[PDB]
Amino acid sequence: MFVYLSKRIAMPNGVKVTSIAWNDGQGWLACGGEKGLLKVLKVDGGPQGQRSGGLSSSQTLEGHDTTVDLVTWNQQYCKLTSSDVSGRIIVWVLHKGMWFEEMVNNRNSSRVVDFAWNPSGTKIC
Amino acid sequence: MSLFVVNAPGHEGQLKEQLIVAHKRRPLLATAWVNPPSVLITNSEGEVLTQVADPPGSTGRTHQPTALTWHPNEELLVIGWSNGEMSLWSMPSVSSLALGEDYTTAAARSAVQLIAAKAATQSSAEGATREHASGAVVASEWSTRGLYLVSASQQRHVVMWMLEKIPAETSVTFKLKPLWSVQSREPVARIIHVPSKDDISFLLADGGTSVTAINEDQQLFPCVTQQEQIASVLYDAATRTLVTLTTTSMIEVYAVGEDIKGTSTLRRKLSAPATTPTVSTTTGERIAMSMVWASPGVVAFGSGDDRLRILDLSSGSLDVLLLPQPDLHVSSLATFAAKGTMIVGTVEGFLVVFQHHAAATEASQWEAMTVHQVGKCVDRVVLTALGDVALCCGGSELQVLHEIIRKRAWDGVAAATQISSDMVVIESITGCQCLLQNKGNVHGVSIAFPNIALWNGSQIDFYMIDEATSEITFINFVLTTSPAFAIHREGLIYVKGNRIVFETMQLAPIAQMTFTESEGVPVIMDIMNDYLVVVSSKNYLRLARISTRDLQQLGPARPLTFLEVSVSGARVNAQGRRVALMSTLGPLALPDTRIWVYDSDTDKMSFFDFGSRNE
């Protein structure tokens with residue numbers, strides 16, 4: 001296989017990126033950055049967005065305070081899961097191109113390390 | 001022929017000639033004034049829409065705007081001040097107001113854009129002062145698709161900005177966020193953008209010897225290299241051509257490919273003599289170099305002399321097309337690609353308008369249509385979306401010239417002629433020649449002697465002449481906005497809303513039946529003797545006969561068969577049977593070379609063209 005650079009995208013404010021997750025369902029790419037930065041792009045994976053690398057949509061998300069570090073997807077229901085250094089875990093649901101917060105949790109005692117979806121997409125660890 | 005109407009939105013502030021900008025598609029225009037430092041945003045007719053100052057928080061430091069740029073498709077302006085603060089002026093869209101759906105005529109759109117501009121907003125980009133490090137924004141530029149912005153300051157700081165359109169719960173807001181903070185060798189003067197045929201890549205020129213581009217790789221690299229100082233760089237996106245005229249007036253045309261590298265194709269020595277040069281001592285500055293894109297493939301420049309120098313990049317031929325007179329010092333230049341028209345501004349106070357022949361010798365293709373002597377030295381010339389031309393006169397002075405045809409009329413007793421924006425000469429066959437001045441500009445003239453009605457857009461004033469004393473006095477106004485109005489011995493017939501209102505001199509209603517949207521809004525009307533013709537906005541033709549009591553419609557509404565071809569004027573004969581029709585071409589109100597005749601008896605529409613006569 002051949003790997004070649006095709007595109008560089010600079011997120012706003014020049015903040016170091018710490019968590020990247022791509023959704024198989026529709027091409028929703030997620031990016032996390034320091035000081036509670038959460039970004040979601042939509043890149044078209046079809047031939048229109050293949051040769052040109054079409055960045056179809058952009059959306060900045062908020063609700064995190066510390067550096068976003070753990071981001072994961074769920075393709076069947078197209079759901080997102082996010083965390084931060086503080087320990088705030090947020091699940092995001094798509095609705096008309098708007099990512100609504102669905103649940104916020106915080107153990108307030110330990111740092112969350114990683115997420116894990118079952119291959120069926122019904123359980124989260 | 002035709003003339004400009006000159007509207008000057010009055011302000012005693014010192015206008016900056018370098019800071020008048022026009023939205024390329026929406027008909028708006030922004031100006032920056034000093035003492036007081038402020039920004040007047042007006043429509044395309046010079047009518048003030050809003051006035052903008054520093055957003056609140058200032059401790060008396062009313063900062064000075066230094067750069068204004070438009071959004072290429074939205075009604076959005078961004079202003080770089082003297083302190084590096086980057087403000088953003090946004091008017092709410094009409095469709096966001098959720099009002100009625102009848103807003104499709106020009107006047108209603110003007111009124112709603114006026115009230116929305118009064119309901120606009122100003123926002124501040126966060127941290128923009130720090131990124132410029134309290135440096136005045138000497139330049140800014142949007143991308144071709146208008147979602148990347150670049151701001152360059154006098155501290156050589158160049159910052160790229162990403163545009164985020166946030167749909168609010170009841171409106172739409174916008175934000176501009178910094179991406180990079182790079183440095184140039186000098187304060188960059190002009191920033192240009194290159195499209196790929198979206199792609200983010202901006203050329204930068206500081207007025208030195210070499211131009212520096214920057215792309216998404218965050219690298220500032222030169223494209224063309226010259227050993228002499230450059231002043232202005234012309235970019236053609238369709239051919240990607242980059243034309244540079246040196247400070248010594250040397251031609252350097254570079255073909256630029258995808259590698260962002262300029263390759264010279266034509267560069268020939270031009271011998272401009274230095275025998276007693278006319279150094280600009282009246283202004284105390286170097287003479288401004290002037291070149292713009294005259295035509296696809298052809299570039300014009302005026303050297304500040306009495307001559308105009310055209311250069312055909314297709315054949316490499318440079319020639320001169322002279323003005324009708326000698327002794328004309330060209331100061332600024334502009335060109336309208338929609339009509340193929342160049343606007344030549346002179347220090348003496350002349351505007352010369354050159355028209356494409358297709359809109360022998362190649363230089364004969366351009367020809368000067370109108371010479372308008374404004375009588376004041378022009379600083380900068382900026383065209384608008386519709387073709388209206390704004391001028392900066394005397395530094396602190398601004399004018400907006402809108403091109404119209406001269407209104408005139410001939411009732412049978414006296415002829416009325418328009419000679420200025422608001423001066424009208426009325427002259428009978430009895431020698432009763434007198435001049436009258438209006439409060440506002442002249443937009444419509446109708447005469448039924450001695451009653452004479454003039455429409456100034458917002459209203460019509462009908463004046464009475466007492467020829468026994470030869471005294472003329474305003475009496476009362478009819479506040480309507482339609483271009484359709486015509487006075488008669490029986491009364492005045494105009495359009496209020498959908499209704500076509502017939503009244504007396506004391507405005508006693510005569511005919512009143514409400515029209516519908518299917519019948520539409522009449523735009524054109526003609527009165528002569530006892531016959532009237534009405535043309536709506538949907539090509540509908542209604543002949544009518546006016547009598548002492550009623551308006552007997554001679555038959556139903558009729559359509560006519562001809563981008564699209566509209567109707568701008570109609571005149572009916574004394575039998576009330578044949579109607580002469582003036583057509584236009586395209587939404588730009590371009591004149592048409594053929595004229596139309598509708599006969600109601602046979603209901604035919606014949607025509608005769610004048611392009612066969614080159615007329």
# chains A, B, ... in the order shown; residues from 1 in each chain; ligands from 1
>>> residues_around(residues="residue B:151", least_positions_apart="3", cutoff="7 Å", atoms="only C-alpha atoms", output="ChimeraX atom specification")
/B:137,139-141,158-160
>>> interface_residues(of="chain A", to="chain B", cutoff="8 Å", atoms="only C-alpha atoms", output="list in words")
residues 8, 9, 10, 11, 12, 13 and 14 of chain A
>>> closest_residue(among="A:42, A:78, A:52, A:37", to="residue A:6", atoms="only C-alpha atoms")
A:52
>>> residues_around(residues="residue B:115", least_positions_apart="6", cutoff="12 Å", atoms="only C-alpha atoms", output="ChimeraX atom specification")
/B:43,48-50,91-94,97,108-109
>>> write_last_selection(atoms="N, CA and C atoms", output="compact mmCIF listing (two decimals), in the first residue's frame")
# COMPACT_ATOMS: atom_id res chain seq x y z
N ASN B 43 -26.55 52.25 0.41
CA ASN B 43 -26.98 51.40 -0.69
C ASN B 43 -26.24 51.82 -1.96
N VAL B 48 -27.98 56.73 2.68
CA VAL B 48 -27.37 56.17 3.88
C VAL B 48 -28.26 55.07 4.44
N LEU B 49 -27.66 53.90 4.68
CA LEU B 49 -28.35 52.82 5.37
C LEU B 49 -28.02 52.80 6.86
N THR B 50 -26.74 52.81 7.22
CA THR B 50 -26.36 52.86 8.63
C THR B 50 -25.01 53.54 8.79
N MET B 91 -25.96 42.49 8.51
CA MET B 91 -27.39 42.78 8.55
C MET B 91 -28.19 41.49 8.53
N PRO B 92 -29.28 41.41 9.28
CA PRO B 92 -30.14 40.22 9.20
C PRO B 92 -30.79 40.12 7.83
N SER B 93 -30.96 38.88 7.38
CA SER B 93 -31.54 38.66 6.07
C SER B 93 -33.05 38.90 6.09
N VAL B 94 -33.59 39.22 4.91
CA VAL B 94 -35.01 39.52 4.79
C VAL B 94 -35.85 38.28 5.09
N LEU B 97 -36.83 37.53 8.62
CA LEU B 97 -37.85 38.34 9.27
C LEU B 97 -39.24 37.73 9.18
N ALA B 108 -39.73 47.82 -2.47
CA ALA B 108 -39.96 47.08 -1.23
C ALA B 108 -38.67 46.46 -0.72
N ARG B 109 -37.85 45.93 -1.64
CA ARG B 109 -36.56 45.39 -1.25
C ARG B 109 -35.65 46.48 -0.70
>>> closest_residue(among="B:252, B:102, B:530, B:427", to="residue B:497", atoms="only C-alpha atoms")
B:102
>>> atom_distance(atom1="atom CA of residue B:39", atom2="atom CA of residue B:203")
27.4 Å
>>> select_by_dssp(residues="stretch 12-80 of chain B", states="strand (DSSP E)", output="PyMOL selection string")
chain B and resi 14-22+28-34+38-43+48-52+67-70+76-80
>>> residues_around(residues="residue B:205", least_positions_apart="6", cutoff="12 Å", atoms="only C-alpha atoms", output="PyMOL selection string")
chain B and resi 138-139+152+156+158+184-193+211-214+220-225+229-235+244
>>> residues_around(residues="residue B:610", least_positions_apart="3", cutoff="9 Å", atoms="only C-alpha atoms", output="ChimeraX atom specification")
/B:592-595,613-615
>>> atom_distance(atom1="atom CA of residue B:38", atom2="atom CA of residue B:397")
14.4 Å
>>> atom_distance(atom1="atom CA of residue B:426", atom2="atom CA of residue B:579")
25.9 Å
>>> residues_around(residues="residue B:602", least_positions_apart="3", cutoff="10 Å", atoms="only C-alpha atoms", output="ChimeraX atom specification")
/B:577-578,598-599,605
>>> write_last_selection(atoms="N, CA and C atoms", output="compact mmCIF listing (two decimals), in the first residue's frame")
# COMPACT_ATOMS: atom_id res chain seq x y z
N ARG B 577 -54.37 53.22 -30.58
CA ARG B 577 -54.38 51.90 -31.19
C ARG B 577 -53.01 51.25 -31.23
N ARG B 578 -52.01 51.95 -31.75
CA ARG B 578 -50.66 51.41 -31.86
C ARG B 578 -49.81 51.88 -30.70
N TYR B 598 -46.83 47.46 -31.44
CA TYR B 598 -47.99 46.61 -31.22
C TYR B 598 -49.21 47.29 -31.81
N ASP B 599 -49.88 46.61 -32.74
CA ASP B 599 -51.13 47.07 -33.31
C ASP B 599 -52.26 46.25 -32.70
N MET B 605 -47.30 42.36 -33.32
CA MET B 605 -46.13 43.05 -32.79
C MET B 605 -45.01 42.93 -33.82
>>> closest_residue(among="A:93, A:3, A:98, A:40", to="residue A:77", atoms="only C-alpha atoms")
A:93
